[PDB]
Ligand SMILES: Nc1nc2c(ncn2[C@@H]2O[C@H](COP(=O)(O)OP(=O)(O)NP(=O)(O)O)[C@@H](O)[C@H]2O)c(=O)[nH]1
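Single chain ahead, written as structure tokens, the form deposited without this ligand.
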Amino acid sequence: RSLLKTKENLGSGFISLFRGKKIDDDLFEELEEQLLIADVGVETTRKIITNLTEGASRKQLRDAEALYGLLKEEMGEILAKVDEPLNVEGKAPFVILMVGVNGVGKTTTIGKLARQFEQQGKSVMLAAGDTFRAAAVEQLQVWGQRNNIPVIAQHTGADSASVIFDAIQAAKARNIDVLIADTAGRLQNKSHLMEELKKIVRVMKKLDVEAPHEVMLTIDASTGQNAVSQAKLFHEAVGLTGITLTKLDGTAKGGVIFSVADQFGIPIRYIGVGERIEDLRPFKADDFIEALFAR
């Protein structure tokens, strides 16, 4: 599958580690190491190991090979807890606030997401709320134009929340089903980001007390621990309702999906396993685990 690189250490990769081995602390240490190198993280790895030890003992397993099935079980539960799909229907418009750092995929994810919704029969409108990042504003505009998707964009530096308020206002008038709004992502000024996003979320209430219907964080799987810290940061700034993991193909640090799931508990909406529009796959825990573990 596309997850071929993460499989060296996770899922299928466990088999080679367990081959012929007996169950002792030496083995759990070897596994712990593999999990940490895979970016599962200290806390999640400590949790996985203990659960697995209690399980391998209270079922009297002396054979290491059998841990593959028990790993599949506990890691499956971790992803299952954040397996709630994004349902963007019944609103006018359904506002998705896209938060996250620059160069993490946001603008690209926005384009892919818009194409997917339109492919389902719903009109989309974009809002360039990252008003200072002139490259990103430009990108959404030219792209939206050639895709016949209205893009609400204003002068460089205009108040983000105003652009988005105008975008929501316009969306309601033009009967748009989904409005996807971009935001500025500069962690360099922690509390400014918090106050900025807080203003955005508040100004929205003037036109709809339900907006935003979705606060989506986009993070890059290939940046391992960076993806986790970023999530923690945005988790404390805004009310994240969904997360999107991009660039899962091509990185052996794929275990980060378990770290971001276990530590925050926020629904993983989409998983990026390639560069095509269909590659921004709606996240299904069971399908992911099955492919992670498939020999």
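Quick note: we count residues from 1 along the sequence shown, nothing fancier.
One more form of this protein exists, namely the form deposited with this ligand bound; it is left out here, but the text below deals with it.
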| query | Heavy atoms within 4.5 Å of this ligand in the bound PDB entry: does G76 have any? | reply | no
| field | Partner proximity in the bound PDB entry: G105 to this ligand, non-hydrogen atom cutoff 4.5 Å | value | yes
| message | Please determine whether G11 contacts this ligand in the bound PDB entry, using a 4.5 Å cut-off between heavy atoms. | response | no
| message | Check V178 for me: does it contact this ligand in the bound PDB entry (non-hydrogen atoms, 4.5 angstroms)? | response | no
| task | Only one of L71, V101, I96, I152 comes within 4.5 Å of this ligand in the bound PDB entry by heavy atoms, so just point that one out. | result | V101
| Which one of these stretches, 252-260, 55-63, 266-274, 26-34, sits within 4.5 Å of this ligand in the bound PDB entry when only heavy atoms are counted? | 266-274
| task | At a 4.5 angstroms cut-off on non-hydrogen atoms, which residues of 224-249 are near this ligand in the bound PDB entry? List them in order. | result | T246, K247, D249
